[PDB]
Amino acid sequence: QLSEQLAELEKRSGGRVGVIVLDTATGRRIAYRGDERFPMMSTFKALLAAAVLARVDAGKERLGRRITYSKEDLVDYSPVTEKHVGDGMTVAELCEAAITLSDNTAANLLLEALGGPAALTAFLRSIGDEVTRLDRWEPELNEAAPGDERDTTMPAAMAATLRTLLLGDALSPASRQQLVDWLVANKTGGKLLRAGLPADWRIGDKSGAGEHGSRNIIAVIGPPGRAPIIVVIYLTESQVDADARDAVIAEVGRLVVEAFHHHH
């Protein structure tokens, strides 16, 4: 059955696997290690953009505000921000770069505007997420040390938080649509879930990678004629190489989505 398939993939990986598939209309789920902690890595950028939009909703932030910065602020993996030292970038451009190209300096600039990792965590508490925590900046938050609860979530919490943000009322309708639009425009990690879906299925997603053999993805998927589903998949402490880790996430995603929809 499914749990046996996942345990076998987990043992082939040498690591820990966590998954939630959640029906946003019914709350029905497939869960595997749903109550354990895993590192968020770049999937936190989805929550960061949500927090920014919530500040916009409240009149405390402006998507057109231009932020300036220097070459000395750039960290690893900053493909967009490294091009705009001279002219700056708007909050919206930074949100877009952070989600769609996983730009790390863009995430750090938005985190700074919010007030830091503690301010993002306080936002998540404010919307009912008691578990998820951000402690560090990019790229240190990708360390994924075993047993380290910094910068982690639980799959069940991430999925429920995404349900609240994308289909609840924590954000205005306009901010909700903007957040979906950025996730739909994501350009990295397409091997992990998008490659496996029919072309008429809608998907917004954000992937992450880290040390200690870690890889993950979060997604909102709209099947035709169906309520959207939230998929969150984690792998950490894995012992296989980067390509095998991608393949593990992809096969988990194939199995769990099929199992969820073949609920007959």
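Heads up: residue numbers just count along the shown sequence, starting at 1.
The stretch with the higher mean CA B factor, choosing between 57-65 and 214-222, is 57-65. Set 91-99 against 167-175 and average the Cα temperature factors; 167-175 ends up higher. Looking at the C-alpha B-factors along this chain, the one for residue 250 belongs to the middle third. Ranked within its chain, residue 237 lands in the middle third, by CA B factor from the PDB record. Ranked by Cα temperature factor within the chain, residue 138 sits in the lowest third according to the deposited record.
In the deposited entry, the Cα temperature factor of residue 158 sits in the bottom third of values across the chain's modelled residues. Among the modelled residues of the chain, residue 200 sits in the highest third by CA temperature factor in this PDB entry.
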